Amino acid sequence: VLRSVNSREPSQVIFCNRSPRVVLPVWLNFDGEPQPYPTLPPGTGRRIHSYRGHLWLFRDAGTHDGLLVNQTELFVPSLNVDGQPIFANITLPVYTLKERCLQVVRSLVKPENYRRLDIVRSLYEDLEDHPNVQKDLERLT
């Protein structure tokens, strides 16, 4: 369902990382498989060649936490007007306090030790169920 269209109509894009994370761009290919692309360090930008109707999303390269692009989940390159490129502004969302606490706890505890934490079983499951692109593709569908 969620997949790029094979249009063959060029479209130039600036990927602008306005987050403090290392960014992984992900292109959804013509069969809907996620394909990873080279990462962007915090604060940096790249001019890249893509196509009209192609689908992209963006993640933290180390943890796969979700990021936003022009204030939403997916980015689709559009028609360039007057030769000017389209801007893809990549930012942190406002995470819930719970999801942010889970991020910080995950960054300090090795997965094998989640069960030794003194918390309710449901929070152990919440930690183990870490961010993942396939999970979100199933959701977005």
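Heads up: residue numbers just count along the shown sequence, starting at 1. Rigid core here is just the name for the largest C-alpha set that superposes within 1.5 Å across the two forms.
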item: Higher-deviation segment by CA RMS in 9 other deposited structures of this protein, core fitted, 10-18 or 117-125; value: 117-125
item: Mean temperature factor over C-alpha atoms, higher-scoring stretch between 68-76 and 96-104; value: 68-76
item: Greater mean Cα temperature factor according to the PDB record, 32-40 or 79-87; value: 79-87
item: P10 - Cα temperature factor, lowest/middle/highest third of chain; value: highest
item: Third of the chain, ranked by Cα B-factor, where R21 sits; value: lowest
item: Ranked C-alpha temperature factor of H54 among modelled chain residues, by third; value: middle
